[PDB]
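Right, one structure below, let's go through it.
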Amino acid sequence: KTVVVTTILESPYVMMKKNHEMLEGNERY
Amino acid sequence: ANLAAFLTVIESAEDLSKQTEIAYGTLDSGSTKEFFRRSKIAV
């Protein structure tokens, strides 16, 4: 069911949240 | 000409943080000081 999604941190398309060092899951992006 | 020109002629929190000459403060004990202390945003 789940899809494997590939990305790169090329802002503003994909960028980690504030204090992402402690953030994980789909929420960190 | 320049006299004629004379007569004729902070906007956010980030602009406040950038300006160090202007001083800003909060209540000593309150949700505001705690919110700033526990915040993780750069500004």
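A note on labels: chains of the structure tokens are A, B, ... as shown, every chain counts residues from 1, and ligands are counted from 1 in their shown order.
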
Taking only residues of chain B that have an atom at most 12 Å from an atom of chain A, what is each one's shortest atom pair and its distance in Å to one decimal, using only C-alpha atoms, in chain and number order, as a tab-separated table?
```
residue	atom	partner	partner_atom	distance
B:38	CA	A:19	CA	11.5
B:39	CA	A:18	CA	9.4
B:40	CA	A:19	CA	6.0
B:41	CA	A:18	CA	6.0
B:42	CA	A:18	CA	8.4
B:43	CA	A:18	CA	11.3
```

Given the selection you just returned, output its residues as a file containing N, CA and C atoms, formatted as a CSV table (one decimal), in the first residue's frame.
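Generated output (result-v9.csv):
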```csv
chain,number,residue,atom,x,y,z
B,38,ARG,N,11.6,28.4,25.2
B,38,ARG,CA,11.5,27.1,24.7
B,38,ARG,C,11.4,27.0,23.2
B,39,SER,N,11.5,28.2,22.5
B,39,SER,CA,11.3,28.3,21.0
B,39,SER,C,12.6,27.7,20.4
B,40,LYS,N,12.4,27.3,19.1
B,40,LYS,CA,13.6,26.7,18.3
B,40,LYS,C,13.7,27.4,17.0
B,41,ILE,N,12.8,28.4,16.7
B,41,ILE,CA,13.0,29.2,15.5
B,41,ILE,C,14.2,30.2,15.6
B,42,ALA,N,14.8,30.5,14.5
B,42,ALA,CA,16.1,31.3,14.6
B,42,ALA,C,15.8,32.7,15.2
B,43,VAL,N,14.7,33.4,14.7
B,43,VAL,CA,14.4,34.8,15.1
B,43,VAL,C,14.2,34.8,16.6
```

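The coordinates place atom CA of residue 18 of chain B at 19.6 Å from atom CA of residue 35 of chain B.
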